[PDB]
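Have a look at the structure below, then the notes.
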Ligand SMILES: CCCCCCCCCCCCCC(=O)OC[C@H](COP(=O)(O)OCCN)OC(=O)CCCCCCCCCCCCC
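Residue numbers (my numbering), protein chains in the order written: chain A, 1 to 37; chain B, 38 to 74; chain C, 75 to 109; chain D, 110 to 144; chain E, 145 to 451; chain F, 452 to 758; chain G, 759 to 808; chain H, 809 to 858; chain I, 859 to 900; chain J, 901 to 942.
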């Protein structure tokens with residue numbers, strides 16, 4: 001029963017890490033967009 | 038029962054009037070006492 | 075006539091937009107004293 | 110050790126007399142600022 | 145007669161002003177309050193005094209939320225009307241036949257409770273003061289009085305000392321006999337008016353003894369002791385510091401509570417005021433703040449107020 | 452990596468500083484109190500900061516009756532201690548390994564409740580601010596962490612906008628599973644630093660949106676917004692009037708209440724301060740008054756304080 | 759009737775707005791008046807020094 | 809022991825004495841300071857007038 | 859309802875009576891709105 | 901048992917460790933009575 005909450009928490013943490021990495025690289029994509037502008 | 042109450046109220050009023058008169062005459066008696074001494 | 079949480083969120087949103095328009099407007103610039 | 114109504118009457122009377130002495134004393138005169 | 149004038153006595157104040165210097169002038173019982181309070185009074189005419197007043201208050205049980213009042217005062221007549229939210233009108237009218245004889249009537253409605261009025265007749269002779277007051281007069285079918293009456297007399301035995309009495313008769317309904325109570329009053333004034341002493345024994349067994357001293361031209365002090373089988377006593381020692389800008393009143397009590405009241409006049413019109421009391425027998429506090437705004441009604445008084 | 456420096460991006464403020472300029476500067480929530488309060492703090496040294504403080508209070512739930520404290524802040528180390536009646540001890544220690552990386556430890560014991568301590572570790576690089584907080588860290592017999600963990604990261608997308616996250620993990624006992632939550636943070640600083648917007652969307656569904664504007668060099672204004680099925684919201688507007696004599700803070704609430712906080716610096720050392728609040732939907736008041744007496748401990752510092 | 763209810767509502771709202779206005783104004787007014795007095799005294803000192 | 813009782817009694821009496829003293833003195837301090845400031849201002853006004 | 863008329867008069871007219879006396883004995887003699895207003899608008 | 905021994909000493913002694921360190925760093929190094937007294941009497 002608790003196991004389901006365990007993997008739900010670990011996917012939440014993994015998603016948080018993924019969006020953290022995306023935010024870490026975000027200035028490069030924004031620089032690409034402003035270059036396109 | 039209450040008759041004694043009426044009598045004591047009446048006598049309180051009577052002594053109040055008596056002491057009021059004594060107070061009114063008091064300055065003269067004090068003046069005479071000062072004159073004696 | 076709704077009287078629902080959507081109504082109070084809408085009223086609050088109106089409060090926010092009115093307040094930000096008030097502050098960004100020259101109305102509050104006039105409100106503050108010149109000194 | 111009495112802890113009676115006479116005790117509180119005596120304490121109140123003593124406090125009154127002490128306050129009268131303090132007020133009549135020059136100490137409470139210097140307590141008033143000169144200016 | 146002739147010797148009575150030869151004694152050269154003076155008129156003592158009424159019984160109500162026996163404790164005027166130490167209970168109202170020095171102590172802060174009458175001025176203390178709680179919560180916030182704004183008073184906004186404006187005056188229209190000065191020589192015949194005429195003024196209106198608005199009062200707002202929050203956090204105090206005694207004071208109403210909103211109150212309005214007006215007062216007029218000519219050479220020999222005084223009138224005041226008051227209105228409160230929940231519509232409880234009050235009215236006081238003092239007519240002075242001469243400079244010495246004054247007949248005054250106080251009325252207050254309650255709008256749900258029996259309206260209560262009192263009537264006072266005050267006479268001030270060359271050497272004594274008498275006053276007779278009645279509260280809620282009523283006559284039974286047999287013509288007997290039913291109510292509360294207080295008659296007080298004060299005669300100055302010597303230019304420095306005054307002695308007096310007061311008699312109160314209460315007749316609540318008429319079926320039950322009314323009770324009577326006599327109280328004794330003593331006042332002493334120093335030769336240079338440096339200090340005043342007052343002492344009165346009440347009908348309920350209570351004894352009040354209060355001394356007032358004028359320390360200097362800007363300060364004064366007072367000490368008061370009250371006592372009331374069940375015997376309870378208290379003693380308060382207080383001081384007043386009056387200045388051209390601020391007025392301070394401080395007070396220690398024998399119950400353990402201390403209090404201060406500072407009225408600070410920031411402007412010729414505005415005047416803020418703060419009051420704070422700390423009781424150490426239960427470790428509690430009361431704070432109160434308020435303002436008084438005094439205003440004119442016509443241009444002449446408006447320029448007069450500023451100068 | 453060279454193109455990263457080519458973007459001339461600026462360091463965003465800490466997450467605790469995300470809305471400091473509204474919830475601490477413009478609004479009076481952290482400064483408000485009730486009842487009477489006296490603060491008696493003295494400064495012993497300035498270049499190495501070292502100063503003590505006594506605090507007396509009465510009539511306020513949050514503040515204790517008497518609290519002593521002492522703090523030292525040198526170039527890189529900051530230590531503070533606080534001892535409170537009933538003997539509650541609080542302590543803070545911030546050590547800076549470098550201008551960018553700082554460690555903090557906060558300890559609090561109430562002497563009758565479990566000791567609560569939190570470990571803080573923050574790192575502010577040239578472009579992103581990261582920090583980690585551990586509340587009551589503990590490890591089970593199996594090697595599993597038990598406590599509260601918070602890890603927050605904020606990255607500056609552009610010199611006028613910063614976006615970031617905040618994650619939190621909770622493990623109360625080990626038997627019950629540890630919950631996880633993720634919240635989003637956004638901050639938009641004007642190109643001319645005139646106004647600021649800041650919005651947070653927490654993991655529990657509540658949203659906080661704040662706007663700040665510097666009307667002039669002496670006036671600030673702001674709006675804060677909170678909104679948490681069961682959904683309730685609140686909107687508070689406020690202004691701060693800062694001068695070289697007194698400071699004023701006044702806020703209107705969407706719950707029909709008004710507040711006021713005025714600190715009045717009567718003397719270079721002594722500073723009175725008053726605060727009041729009116730609640731109209733309930734029709735109540737809250738009043739607080741107090742003083743701060745900032746003194747010195749050294750004669751030369753006396754001269755500096757007096758001029 | 760409706761007149762009494764309207765009068766009561768108007769009076770209550772007037773009371774609330776008046777008390778809010780004066781509570782948030784009187785501290786502000788006294789602070790700004792003290793600042794103005796201090797600025798005036800500083801200007802007087804500056805002009806008498808010059 | 810008796811040491812703890814004496815300590816707590818002394819601390820409580822010191823606290824109440826300090827609270828009463830400062831509550832009755834700080835209003836005195838500020839009012840008297842304002843009066844003295846006004847008096848000195850009046851004196852310098854006389855000095856500059858004469 | 860003359861009795862109730864006088865009963866309500868004794869309530870609603872005591873303040874206006876005082877205001878009337880003040881207005882009659884004053885020199886400026888303003889209007890009712892200014893009389894009831896706390897503003898210094900004179 | 902070491903933590904139990906530390907329980908009371910650390911409780912009573914976190915404050916005057918800071919006081920002593922500040923006193924050592926203080927230029928004039930006033931006495932203990934001055935350190936605890938809120939008066940500026942120095
Ligand atoms: C246990 C230990 C307890 C410690 C207790 C310590 C008590 C100290 C408190 C002192 C407070 C004194 C109050 C006072 O009157 O001080 C006035 C003060 C400063 O005014 P100044 O003398 O500088 O004024 C010069 C000209 N501007 O002005 C101020 O500070 C501002 C006060 C303004 C009050 C305004 C009231 C608001 C009106 C509300 C009306 C609402 C109606 C519903």
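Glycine included, each C-beta is placed from N, C-alpha and C at the ideal position.
Determine whether the Cβ of residue i lies closer than 7 Å to any Cβ atom of chain J.
i	result
residue 515 of chain F	no
residue 491 of chain F	yes
Per DSSP, what are the beta-bridge partners of residue i in this structure?
i	result
residue 630 of chain F	F:621
residue 737 of chain F	F:728
residue 211 of chain E	E:199 and E:228
residue 339 of chain E	E:357
residue 246 of chain E	E:240 and E:266
residue 673 of chain F	F:663 and F:689
residue 401 of chain E	E:423
residue 436 of chain E	E:183 and E:415
Could you confirm whether any beta carbon from chain F is found closer than 7 Å to the beta carbon of residue i?
i	result
residue 237 of chain E	no
residue 838 of chain H	yes
residue 774 of chain G	yes
Is residue i close to chain G, meaning its C-beta is less than 7 Å from at least one C-beta of that chain?
i	result
residue 701 of chain F	yes
residue 435 of chain E	yes
So what's residue i in DSSP terms, helix, strand or just coil?
i	result
residue 564 of chain F	coil
residue 587 of chain F	strand
residue 537 of chain F	coil
residue 239 of chain E	strand
residue 478 of chain F	coil
residue 942 of chain J	coil
residue 868 of chain I	helix
residue 884 of chain I	coil
residue 606 of chain F	strand
residue 377 of chain E	strand
residue 191 of chain E	coil
Can residue i and residue j be called in contact, C-beta distance under 7 Å?
i	j	result
residue 742 of chain F	residue 723 of chain F	yes
residue 491 of chain F	residue 744 of chain F	yes
residue 395 of chain E	residue 379 of chain E	no
residue 631 of chain F	residue 940 of chain J	no
residue 151 of chain E	residue 300 of chain E	no
residue 420 of chain E	residue 404 of chain E	yes
residue 477 of chain F	residue 689 of chain F	yes
residue 195 of chain E	residue 182 of chain E	no
residue 585 of chain F	residue 600 of chain F	yes
residue 332 of chain E	residue 305 of chain E	yes
residue 807 of chain G	residue 697 of chain F	no
residue 238 of chain E	residue 222 of chain E	yes
Counting only C-beta atoms, is residue i closer than 7 Å to chain D at any point?
i	result
residue 367 of chain E	yes
residue 330 of chain E	no
Please confirm whether residue i has its beta-carbon closer than 7 Å to some beta-carbon of chain E.
i	result
residue 647 of chain F	no
Just checking: is the beta-carbon of residue i within a distance shorter than 7 Å of some beta-carbon in chain H?
i	result
residue 717 of chain F	yes
If you measure from the beta carbon of residue i to each beta carbon in chain K, is any gap under 7 Å?
i	result
residue 6 of chain A	Going by chain labels, chain K is absent from the structure shown, which instead holds the protein chains A, B, C, D, E, F, G, H, I and J.
*Taking Cβ-Cβ distances below 7 Å as the criterion, which residues of the stretch 11-34 of chain A are in contact with chain F?*
12, 13, 16, 19, 20, 23, 24, 26, 27, 30 and 31
*Closer than 8 Å, Cβ to Cβ, to anything on chain F: give me those residues from the stretch 826-856 of chain H, in chain order.*
826, 827, 830, 831, 834, 837, 838 and 841
*Name, going along the chain, the residues of the stretch 495-513 of chain F whose beta-carbon falls closer than 8 Å to a beta-carbon of chain H.*
507 and 509
*Could you name the residues of the stretch 573-589 of chain F whose beta carbon sits closer than 7 Å to any beta carbon of chain A, in the order they occur along the chain?*
none
*Output, in sequence order along the chain, the residues in the stretch 868-880 of chain I whose CB is closer than 9 Å to any CB in chain E.*
868, 869, 870, 872, 873, 874, 875, 876, 877, 879 and 880
*Got a sec: which bits of the stretch 78-109 of chain C sit with their beta carbon under 7 Å from any beta carbon on chain F, in order along the chain?*
79, 82, 83, 86, 89, 90, 93, 94, 97, 102, 103 and 106
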